[PDB]
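Chemist: This one's a deposited entry, sequence included:
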Amino acid sequence: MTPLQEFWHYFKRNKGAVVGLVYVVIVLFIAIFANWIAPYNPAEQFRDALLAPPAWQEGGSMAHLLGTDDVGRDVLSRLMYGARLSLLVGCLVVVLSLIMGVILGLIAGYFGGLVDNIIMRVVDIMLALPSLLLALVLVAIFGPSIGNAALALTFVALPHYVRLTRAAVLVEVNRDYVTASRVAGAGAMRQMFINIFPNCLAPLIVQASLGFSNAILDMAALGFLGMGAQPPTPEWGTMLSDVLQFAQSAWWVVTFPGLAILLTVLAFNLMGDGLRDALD
Amino acid sequence: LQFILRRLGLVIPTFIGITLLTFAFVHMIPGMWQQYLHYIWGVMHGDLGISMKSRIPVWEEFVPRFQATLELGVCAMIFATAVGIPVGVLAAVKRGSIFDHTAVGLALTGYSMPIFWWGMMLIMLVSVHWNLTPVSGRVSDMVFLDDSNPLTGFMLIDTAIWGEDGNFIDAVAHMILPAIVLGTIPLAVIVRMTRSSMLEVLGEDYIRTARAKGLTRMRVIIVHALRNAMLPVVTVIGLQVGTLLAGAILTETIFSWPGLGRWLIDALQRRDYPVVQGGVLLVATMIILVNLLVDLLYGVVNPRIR
Amino acid sequence: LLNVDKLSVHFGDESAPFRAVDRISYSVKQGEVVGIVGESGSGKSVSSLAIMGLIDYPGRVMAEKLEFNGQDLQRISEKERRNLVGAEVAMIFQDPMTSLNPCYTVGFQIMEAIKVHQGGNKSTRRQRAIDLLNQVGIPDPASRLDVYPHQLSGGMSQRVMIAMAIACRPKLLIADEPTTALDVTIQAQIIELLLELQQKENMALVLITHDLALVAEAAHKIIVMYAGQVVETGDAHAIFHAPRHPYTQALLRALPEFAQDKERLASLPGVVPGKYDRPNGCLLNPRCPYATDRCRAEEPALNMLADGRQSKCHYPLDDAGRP
Amino acid sequence: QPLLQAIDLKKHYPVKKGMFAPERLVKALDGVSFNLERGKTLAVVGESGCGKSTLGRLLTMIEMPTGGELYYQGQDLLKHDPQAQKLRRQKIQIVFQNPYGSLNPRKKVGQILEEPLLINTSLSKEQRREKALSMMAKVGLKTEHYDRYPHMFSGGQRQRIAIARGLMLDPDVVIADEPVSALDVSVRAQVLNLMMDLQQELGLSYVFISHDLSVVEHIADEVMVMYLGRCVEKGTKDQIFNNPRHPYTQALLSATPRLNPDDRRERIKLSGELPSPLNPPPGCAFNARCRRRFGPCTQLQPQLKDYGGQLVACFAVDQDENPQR
Ligand code: SF4
Ligand code: SF4
C-alpha cells in the first residue's frame, strides 16, 4: 500500500473514528448550508409562543421543533447558525496557531542555543496562567467581541504547538539521516522544511483535532461567562449565559446548546483517538 | 542534590518574567526603570492595591477565597485520583473487555464535556427534580459558627470541630456536586494517562523478567508495572492542579460558591483592574510553586534522578 | 529432562496463521549443552518462550508432548506452572539493559526471586544474595545490592540476570541471545561463567544464537532452524565438518572463516518465507542449490541417518558435500 | 604522496559534573595517525568506547577535531574556506551502522539518491534520474524500486540504498561505521561481496570501522587496534592476525570465537571490565588488566615504535626487543 492508502486502511479499523467522521461531515454540511436549511431567521421573534415546549411534549407545536427561548426565538434555528460560528472560530484558531507554532517550534528545535532558550522562556511565561484565564484577561483588556475572542484563543493555543514541535524536532535532529544530509551539505532551511518537517507531521496531525476540541470548549467557556460573543448572536456558549432560572420551567433551553457542544467536541476527540491509532 | 538547583534555575527566569509582565499590567492599563523597583517593593510589603467594587485591600479579600477554592480543589483531586487510578489499572489489565471499552468511552465523554453545562444538568437532575442535594452555597443559610473559637476558615474542618451535630452533614452535602463537576475533567484525563502508561509498561522486557521468576499476576501488576506507570501519572497530576483554576472559574459561578473564580470573573466583567492585577500575580505564583513541588516529587519517585 | 514433540506456535487469524514455529521436536538431557542456531526469521526464541508460558493471546501454543521433568506442561495448573518457572526452568534475555526493573535496587530483585520459592527470613535471603554475587563474579558483592540497574554496565547487568536465574538451584537454563549486545572480551567471560555453572551444578543449558562459532565451542548438540522448522541436528564437532543439509552447508560457506583472503563469499538467493509466501513442499525450495521436482510436491521428513544425526532433506549430503 | 593522511588527530569533549565542580576532559581520541593509500582498506578495530566511532565522525567532518592535521592529496581539509568545503563533501563519504535510522522515512528512494546531486552538482532532472538508476543497477536494486519508501525494504536492501547514496558524488574514500553489524549471515556475505566488487571497480579506499575481527581478516589490508582513544598496535593484516604482540590484541583475538578447532592456539583471560573515559587510569590504559604489568607501566604512557614493521605501544615488547632497559 502507499502511505496514504495505508493510513486510511488503518483508520477504517476504528469504528469510533468512522462515526465521528460522519458526524463531523454532517455538522460541516449544516454549517455551510445553514441559510437554506434553517426553518426561521436566528434573530426572529414569535411572541405568540414564548417558551413553547419541543414538538413531542404535550404543550408544543410542529412549527418550532426544539421549542423556543425566553424572548420567543427558535432553538433549532439558533443551534444551526451556532454550528457555523463554532466551526469558523475553530478553523481560524487552529490554522493560525498551527502555522506560527510549527515555525517557532522548528526554529527553536533545530538551531538550539540562545534562540531555543529565548523562545522556550517566553512560552513558559504564557503557560504560567491557565489558558482560559489568560484568554479572559486579554478579552477584558481589548473588549468583548467574536473577533477579539478568536485572536485571544490563537495566542493561548500557540504555546502547546511550539512545545510539541520542539519535542518532535529534538527526537529528530539526533537521527542519522539528518546528519547524512548535513554531510551532503544541506542548508538550514532545507534541513527543517524538506527533511525534518515531513517526519514531524505525524505528531502534529493529532494536535489539530485536540486543537478543534479545545478551541470549541474555550469559545463556549468565553461565551458562557458573557465574554467574546454578545447576546443577539447565535453562539452555543452565550445561549447558556443567563439560563439557570429555567432549570425548573424549560429543560430544552438548558439541554440542547450544551448537548451540541458535547457532541461536536466528542466527535473531534474521536478524530484524535483515530488519527493517533492510525499512525503507528 | 543537583536536580532541585536545576529546576530552581528554570523557575527564577519565569518568576522574573511574570513580575515584569504584572508590573507592565499595573503601570499601563491604569485605574520607568525606577518605578519597577518601587512596585516590587509594594508587592513584598503586601500592598497589592485596594479594590474598586468595595474599598477592601486585595490581600484581605484574597485569603478567605483562596481557602474556599483549595478545599473544593482538594475534594475534586481526591475524587479524581481515588477513582481514576484504580479504573485505569483495571482497564489495562482487562484490555478488550466490556470494562475496557466502557472505561475508554466514558473517559472520552468526560474529557470532551463542557464543564459549565454539566453543572447545570447535575443541578437540574439531582437538586431541582429529584431533590437529593442542595442547589447553591458553601453551607446552609441556617448555619453559623461561634467566632470566639479559633476557626480555620476551611468550612469542612471547622464544622467537624465546632457547631451543631447536623452542620457537618450539611457541609458535605454542599460539597459533593461541586467536587464531582469540577473533578470530571481531571478524572477523565487521569484514566486515559494511566491506561496508556500501563499498556506501555506491560510491554517492557522487565515485566517479561517478572513473569519468568514465577511471580503471581497481581504482584507483577502492582509491584512491578504500576510502580513505573505512576511516573507519567505524577506529571499529569501536576498539569491538572494548574487547570483547576479554569475549571473553578466555570463551575464556581453556577453553584454560587464563595471562591476565587467568581471573584476573578466578576472583577473582569466589572473592570475592577486592581483585583485582576493582584489575582494574576498570586495565581501565577501558586501554579509555579505547585509545579516546582510536583517536579521535586517526580525526582523522588523516579530513581534515574535519585 | 525436556521433551518436545510437534510443538507449534501460530500467530494471527486461524484461516491463515503465521507459523512462527511449525511441528518441531527435540529433547535436552540432564547436564547437556544444546545450541539452537538460525538467521533472523528462524523462530528459534519462540520455541523457548512457549515452554516458559511467555506467549500472549495473539499467539497460540499447541504440542503433542511438552513433558518437563516428567511433568506435562500443556495441562498444568497455573500454580504448578509458577512453581516450575524460576525454580526448575529459568531464562536469560536478549537486552541486558531493559531486562531489570529500573525502579528497584538489585538486592530487592534477587531477594524477591528467593522469597517466592524458598524461606523468607530477611537475613538468610541477604546472605544468599551475597553468595550469588560472589558466584557470578561481582567485584564487591556486599555494596552492589544497594545499586540501581542504570548504574550497572551491560556485562554487570547480565551477571545479575544469571544470579536471579541460578538463585533457586535451577535444572534447565535458557540463554536467549545473551551476549549479542556485549563486547567480545565481556562475551567470553559470560559464556565461561555459564559453562562453569553448567559443570558445577550439573544443570542443562540451552544457547540461542546466530553466531555459529560460539556454539562450536560451547555445545555438545546443535539444532539448526529455518523458517520455523528444525532442519539439522547433531554432535557439535561433526555438524560443521560434514553438514548433512543444504542450509547448514550454505550458512557455513557464507562465513568468512571458511574462505581464503579476499575471495568472494557464497550466499543463497532470496529472502526467508514470511506469512504470505510459504512454498509448497520444502521451505528452502525457492533458494536451495540442489532442488528437484519432488522437493516441490512433498514436504521432506526429518530423516535419521546411520551416523546418528538428523537432516530434513530428501537427499541428505554425503561426506564430500553433495546429494 | 598518500591519498589521505592524518597527523595527531584528537578530540577532547569538555564535561561538567555539576555547578559545584570544575569541568574535565573526556579524551575520546588522543593522537591517532595514518596514511590511507589508493585502493586499499584500513581496518579500525576495538571494543566499545575505544574512540573508533569518533574517528569516523572526524574524518567525515560530522564533528571538528581539537588538534592535529587531516590532509587529502596534500591539501589541508580542516580550513573553514568554501573551496575546501567542496573538496570535503565530494571526496570523503559515510556509510552508517543502522539501516533503520539512516534513510529518511518519508522520502522515496529516488529522492534519497538524487538529494546529494541536487545540493552539490548542477545536473538536470533527467540527468539526476539517469544517474540514480545507474547507481541502483551497480548496487543490485531493480529499476522498479525507484519510487518506493524505505519502510518497505529488508535490512540488506537498506544498506544497499545507504551505499548507493555515498557513491553519488564519485568519492575516493568511503568510511564505513560498523556497516555489517546489524545484518544476518547470508546478507553480510552479500553486502561484503558488493563492497569488494565496488572497490575493485571504482578504485575506492575504505576506512573500515568494526569489531567483528572475522570480517576484518577477510576484508582488511591494513589494520589498526585501539584502546581508550589511542592506537595500541598497527600493521598489515597478516602481521597482526598471525603474530600479534600488544597484550590487548592477544587478549582480543583469543576472546573471539573460531569455528575451526585448531585456530585458538591459547586462551587468555582479562578478569575485569573496561575503564571509564570519564576517569582514565594513571599510566598505560591497559595497566588495570594486563598479564605483563611491569614497573614503568603505572608511571608513564607508552608510545608507538617500530619493531619490524609492526607498530606496538608497549614497554614489555620494548624490553623483549631491547634487553638493555
Ligand atoms: S529437500 Fe530439496 S529443496 Fe529442500 S533442502 Fe533438500 S534438496 Fe533442497
Ligand atoms: S605498557 Fe605495560 S601495562 Fe601497557 S600493555 Fe604494555 S606491558 Fe601491559
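Modeler: Right, received. Where do you want to start? Numbering: from 1, shown residues only, chains lettered A, B, ... in the order given. Ligands and ions are numbered 1, 2, ... in the order given.

Chemist: which residue sits closest to residue C:163, ignoring its sequence neighbours?
Modeler: Of all residues not flanking residue C:163 in the chain, residue C:132 sits nearest, at 4.4 Å (Cβ to Cβ, 6 or more residues apart in numbering or on different chains). Backbone N, C-alpha and C define where each C-beta goes, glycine included.

Chemist: Run through the residues that contact the closest residue to ligand 2 within the stretch 51-200 of chain A.
Modeler: Closest to ligand 2 within the stretch 51-200 of chain A is residue A:176: 34.7 Å, counting by Cβ to the nearest ligand atom. Residue A:176 sits next to D:96, D:97, D:98, D:101, D:102 when contact means Cβ atoms under 8 Å, 6 or more residues apart in numbering or on different chains.

Chemist: which pair in the residues you listed spans the largest distance?
Modeler: Across the contacts of residue A:176, the longest distance by Cβ to Cβ is 8.6 Å; it joins D:97 and D:101.

Chemist: neighbour count winner among these two?
Modeler: The residue with more neighbours, out of residue D:97 and residue D:101, is residue D:97; 19 against 14, by other Cβ atoms under 10 Å in any protein chain shown.

Chemist: which SS state does the residue of the stretch 201-325 of chain D found nearest ligand 1 fall under?
Modeler: Residue nearest to ligand 1 within the stretch 201-325 of chain D (Cβ to the nearest ligand atom): residue D:259, separated by 21.6 Å. For residue D:259, the assignment made with DSSP: H, G, I helix; E, B strand; the rest coil gives coil.

Chemist: Assess the claim that it and residue C:257 are in contact.
Modeler: Yes - Residue D:259 lies in contact with residue C:257 (Cβ atoms under 8 Å); the separation is 5.2 Å.

Chemist: picking up where we left off before, pretty sure the residue nearest to residue C:163 contacts residue C:169?
Modeler: No - the criterion here is Cβ under 8 Å, and residue C:132 misses it with residue C:169 at 11.1 Å.

Chemist: State the next helix or strand along the chain beyond the helix or strand containing residue B:160.
Modeler: Assigned by DSSP states H and E, residue B:160 belongs to helix B:155-161. Sequence-wise, the next helix or strand downstream of helix B:155-161 (DSSP H and E) is helix B:167-201.

Chemist: Do that next one and chain A come into contact?
Modeler: No - judged by Cβ under 8 Å from any Cβ of the partner chain, helix B:167-201 makes no contact with chain A; its nearest approach is 9.7 Å.

Chemist: The helix or strand just after that helix and chain C in contact?
Modeler: Per DSSP H and E, the first helix or strand lying C-terminal to helix B:167-201 is helix B:205-212. Yes - shown here: helix B:205-212 in contact with chain C (Cβ under 8 Å from any Cβ) through B:205, B:206, B:208, B:209, B:210, B:211, B:212.

Chemist: quick one: contacts for the last one?
Modeler: Under the criterion of Cβ under 8 Å, 6+ apart, the contact list for residue B:212 reads C:52, C:54, C:85, C:86, C:90, C:91, C:93.

Chemist: any idea whether the closest residue to the fourth one other than its chain neighbours is helix, strand or coil?
Modeler: Of all residues beyond its chain neighbours, the one nearest residue C:86 is residue B:214 (3.9 Å), with distances taken as Cβ to Cβ, 6+ apart. Classification of residue B:214 into helix, strand or coil gives coil, according to three-state DSSP.

Chemist: can you tell me which residues contact residue B:214?
Modeler: Contacts for residue B:214 (Cβ under 8 Å, 6+ apart) come out as C:82, C:83, C:84, C:85, C:86, C:87, C:116, C:117.

Chemist: about what we covered before: most neighbours out of the contacts of residue B:212, which is it?
Modeler: For those, the largest number of neighbours (other Cβ under 10 Å) sits with residue C:91, at 28 neighbours.

Chemist: Surely that one forms part of a strand?
Modeler: Yes - assessed with three-state DSSP, residue C:91 lies in a strand.

Chemist: Return the distance of it relative to chain A.
Modeler: Using Cβ to the nearest Cβ, to the nearest Å, one gets 29 Å for the distance from residue C:91 to chain A.

Chemist: can I assume that residue is in contact with residue C:176?
Modeler: Yes - judged on Cβ under 8 Å, residue C:91 makes contact with residue C:176 at a distance of 6.4 Å.

Chemist: what's the neighbour count on residue 19?
Modeler: Reading this off chain A. 13.

Chemist: meant chain B, my bad for not saying
Modeler: 17.

Chemist: Disregarding residues adjacent in the polypeptide, which is nearest to it?
Modeler: Nearest in space to residue B:19, with sequence neighbours left out and distances taken as Cβ to Cβ, 6+ apart, is residue B:40 at 6.4 Å.

Chemist: tell me which element that neighbour is part of?
Modeler: Applying DSSP H and E, one finds residue B:40 within helix B:33-44.

Chemist: Contacts made by that helix with the rest, please.
Modeler: Here helix B:33-44 has contacts from B:19, B:20, B:23, B:26, B:27, B:48, B:281, using Cβ under 8 Å, 6+ apart.

Chemist: Hey, what's the angle from the helix or strand hosting the fourth one to helix B:33-44? Just curious.
Modeler: It stands for residue B:26. Applying DSSP H and E as the criterion places residue B:26 in helix B:2-27. Orientation of helix B:2-27 against helix B:33-44 (axes from the mean of the first three to the mean of the last three Cα atoms, to 10 degrees) gives an angle of 110 degrees.

Chemist: how many other residues sit next to the closest residue to ligand 2 within the stretch 201-306 of chain B?
Modeler: Here the residue of the stretch 201-306 of chain B nearest ligand 2 is residue B:306; by Cβ to the nearest ligand atom that distance is 35.3 Å. By the measure other Cβ under 10 Å, the count of residues near residue B:306 is 12.

Chemist: could I get the contacts of residue B:214 as CSV with distance to ligand 2 and secondary structure?
Modeler: Below are these laid out as CSV (distance: Cβ to the nearest ligand atom, whole Å; DSSP: H, G, I helix; E, B strand; the rest coil):
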residue, distance to ligand 2, secondary structure
C:82, 51, helix
C:83, 51, helix
C:84, 49, helix
C:85, 46, strand
C:86, 43, coil
C:87, 45, coil
C:116, 46, coil
C:117, 46, coil
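
Chemist: farthest-separated two in those?
Modeler: The span of the contacts of residue B:214, defined through Cβ to Cβ, is set by C:84 and C:116 at 11.9 Å.

Chemist: so how far is residue C:16 from the closest residue to ligand 2 within chain C?
Modeler: At 14.3 Å from ligand 2, residue C:185 is the closest residue in chain C, using Cβ to the nearest ligand atom. Using Cβ to Cβ, to the nearest Å, residue C:185 is found at 47 Å from residue C:16.

Chemist: who has more neighbours, these two?
Modeler: Using other Cβ under 10 Å as the criterion, residue C:185 and residue C:16 rank with residue C:185 on top: 22 against 11.

Chemist: List the contacts of the closest residue in space to the more buried one that isn't next to it in sequence.
Modeler: Excluding the flanking residues, the one nearest residue C:185 by Cβ to Cβ, 6+ apart is residue D:255, at 4.6 Å. Going by Cβ under 8 Å, 6+ apart, residue D:255 touches C:184, C:185, C:187, C:188, D:268, D:270.

Chemist: Surely the second one and residue D:253 touch.
Modeler: To tie it back to what came earlier, the one meant is residue C:185. No - when contacts are counted by Cβ under 8 Å, residue C:185 is not listed as touching residue D:253 (10.5 Å).

Chemist: how about the CA coordinates for stretch C:140-147, as PDB?
Modeler: Extracted as PDB, the C-alpha positions of stretch C:140-147 are listed here (Å, rounded to 0.1, in the frame of the first residue of the first chain):
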ATOM      1  CA  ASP C 140      32.400  -6.200  45.700                       C
ATOM      2  CA  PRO C 141      29.200  -8.300  46.400                       C
ATOM      3  CA  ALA C 142      28.100  -6.600  49.700                       C
ATOM      4  CA  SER C 143      27.900  -3.000  48.400                       C
ATOM      5  CA  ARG C 144      26.400  -3.900  45.000                       C
ATOM      6  CA  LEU C 145      23.000  -4.900  46.400                       C
ATOM      7  CA  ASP C 146      22.100  -1.200  47.100                       C
ATOM      8  CA  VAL C 147      22.800  -0.200  43.400                       C
END
